[PDB]
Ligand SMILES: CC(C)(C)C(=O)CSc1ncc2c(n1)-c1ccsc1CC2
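Just the one chain here, laid out as structure tokens, in the form deposited without this ligand.
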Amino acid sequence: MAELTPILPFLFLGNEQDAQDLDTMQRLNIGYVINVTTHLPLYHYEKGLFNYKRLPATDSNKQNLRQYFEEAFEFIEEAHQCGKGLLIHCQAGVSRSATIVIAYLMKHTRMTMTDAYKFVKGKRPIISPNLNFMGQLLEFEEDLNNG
């Protein structure tokens, strides 16, 4: 039931239902979609209305998400740089996609992991990245701090 979450004016975090909301996506000037699942379709792909990126990840305790961080940020920045918005989602918008957004905030808005997490959780109370992903965020925080 959770509603689509505006994170930044050009970045929205949501779930599978939001990714199917064509009218809302266009109203929000979204021109890019990141689907963080291996199995969901890229909804509305055949319309050629958006640029898509799939990060084929599972929500398992062994899934490496860090490997997709750079690609996701580049795509968010591409949308950002051309005045467009980006919708990132997974199934529930709870673990996979939430992790990528928190990571983006850590690198591009220089927030500590805790502040980025609280920032996203404050806007989207249902987020709860799994512990494997939390460990990856901590490792990413250390890497950012060490340049």
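A residue's number is simply how far along the shown sequence it sits, counting from 1.
Same protein, other form: the form solved in complex with this ligand, not shown, and the subject of what follows.
Site status: blocked, since this ligand, placed here by C-alpha superposition from its pose in the entry with it bound, has 3 or more atoms within 2.4 Å of backbone or C-beta atoms. Site annotation in the entry with it bound: the residue of 114, 109, 51, 29 reaching within 4.5 Å of this ligand with a heavy atom is 114.
In the entry with it bound, this ligand sits within 4.5 Å of a heavy atom of residue 134. Contact check for residue 11: no non-hydrogen atom falls within 4.5 Å of this ligand in the entry with it bound. In the entry with it bound, no heavy atom of residue 15 sits within 4.5 Å of this ligand. Within this chain, residue 24 is remote from the site of this ligand in the entry with it bound, having no heavy atom within 4.5 Å. Remark: all three candidate residues (98, 102 and 130) come within 4.5 Å of this ligand in the entry with it bound, counting heavy atoms only. Here the chain stands by itself, but in the entry with it bound one stretch of 80 to 88, 114 to 122, 31 to 39, 66 to 74, 114 to 122, has heavy atoms within 4.5 Å of this ligand.
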